[PDB]
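Chemist: Whatever this is, show me its structure:
(one chain, ligands or ions: 1)
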Amino acid sequence: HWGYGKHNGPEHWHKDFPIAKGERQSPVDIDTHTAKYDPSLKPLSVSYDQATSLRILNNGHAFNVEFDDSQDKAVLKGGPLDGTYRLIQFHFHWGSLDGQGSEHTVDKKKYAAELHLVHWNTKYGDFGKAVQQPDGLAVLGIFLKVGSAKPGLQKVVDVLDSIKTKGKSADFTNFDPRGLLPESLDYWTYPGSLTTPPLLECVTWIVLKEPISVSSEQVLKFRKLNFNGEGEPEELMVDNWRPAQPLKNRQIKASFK
Ligand SMILES: [Zn+2]
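Modeler: Residues are numbered from 1 along each chain as shown. I have put the structure below:
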């Protein structure tokens, strides 16, 4: 039932998913002046050299690029994390206009889009078990701004024509996610949730300070995707973002001063 329209969007989610009103929901606004530098944070380690991508899917809500998580090939360690977290998929949230689209906000500023690299804790054995745990996932969030083109994103935009409508998938091998990262690994971190149903409170969020830049032509191709299935009235896949949720009893920590 759920989606991003007037009759099924974020303000309706709580009827099927009561945790939508919970104590550690995501996204949030990051107030930069209230966030605390934490000297206890250890350095962040992104090890993506052996990543194995498999394919790309339009699921009616976004598109997902899916990875082989049957071994430690692409992992996230360090920072706030205890242990090893395996890369399972990435996806994006974006807007109808360049001034909206991100899920997290920085001093109330919305970016054009947000990339989520989703990782699960190998102590739990599989992704479905990990989402039932408070420390089961680590999501690396990266903001996108419209300016220069991102060469490492072009291969993704090149394949979107083949997955226009809900339920379509395609082969997507040999894509290197290192090409989606900014120069700096400086970050904010806090405990939160999945940003789509089932909204489970299982995520350690790691949100990079430095946005990546993409071109207008790249973001326009995201906005050509469809929420509907093939043969149905067209509904463009835009504004598939959940707004900021109450911070409640949480503190956001910074890795940098
Ligand atoms: Zn997401």
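Chemist: from here on, contacts and neighbour counts on C-alpha atoms
Modeler: Fine.
Chemist: Other residues contacting stretch 63-71?
Modeler: Outside stretch 63-71, the residues within contact range by C-alpha atoms under 8 Å, 6 or more residues apart in numbering are 51-58, 86-92, 172.
Chemist: which ones among the residues you listed are found in strands?
Modeler: Using DSSP state E, the subset of the contacts of stretch 63-71 located in strands is 53-58, 86-92.
Chemist: Helix, strand, or coil at residue 158?
Modeler: helix (DSSP: H, G, I helix; E, B strand; the rest coil).
Chemist: Now do it against residue 210, distance only.
Modeler: 25 Å (C-alpha to C-alpha, to the nearest Å).
Chemist: Which one's more surrounded, these two?
Modeler: Legend: neighbour count by other C-alpha atoms under 10 Å for residue 158 and residue 210, higher for residue 210 (16 against 11).
Chemist: Skipping adjacent residues, who's closest to residue 229 in space?
Modeler: Among residues not flanking residue 229 along the chain, residue 166 sits closest, at 4.6 Å (C-alpha to C-alpha, 6 or more residues apart in numbering).
Chemist: Wait, the one you found touches residue 228, no?
Modeler: Yes: counting by C-alpha atoms under 8 Å, residue 166 does reach residue 228; the two are 5.6 Å apart.
Chemist: so what sits against both of those two?
Modeler: residue 60.
Chemist: just to revisit the earlier point, of the ones in strands among the contacts of stretch 63-71, which pair is most distant in space?
Modeler: Spatial extent of the ones in strands among the contacts of stretch 63-71 (C-alpha to C-alpha) is set by the pair 58 and 86 at 22.2 Å.
Chemist: Which residue of these two possesses the greater neighbour count?
Modeler: residue 86 (28 against 24).
Chemist: need the contact list for the more buried one.
Modeler: Applying C-alpha under 8 Å, 6+ apart, the residues near residue 86 are 69, 72, 73, 74, 75, 76, 119, 120, 121, 122.
Chemist: hang on, the residue nearest to residue 229 is in a helix, isn't it?
Modeler: No: looking at residue 166 with three-state DSSP, it is coil, so not inside a helix.
Chemist: going forward can the numbers begin at 192, since that is how I track them
Modeler: Yep, numbering from 192; the last one is residue 357 now.
Chemist: how close does it get to residue 256?
Modeler: Relative to residue 256, and taking C-alpha to C-alpha, residue 357 is found at 15 Å.
Chemist: Between the two, which is the more surrounded one?
Modeler: More crowded of residue 357 and residue 256, by other C-alpha under 10 Å: residue 256, with 24 against 20.
Chemist: Buried residues of the helix or strand that one falls within, list them for me.
Modeler: Mapping residue 256 onto the secondary structure by DSSP states H and E places it in strand 254-258. Counting neighbours by 16 or more other C-alpha atoms under 10 Å, one finds that the buried residues in strand 254-258 are 254, 255, 256, 257, 258.
Chemist: If we only consider the residues you listed, which is nearest to residue 374?
Modeler: Looking across the buried residues of strand 254-258 and measuring by C-alpha to C-alpha, the closest to residue 374 is residue 256, at 22.2 Å.
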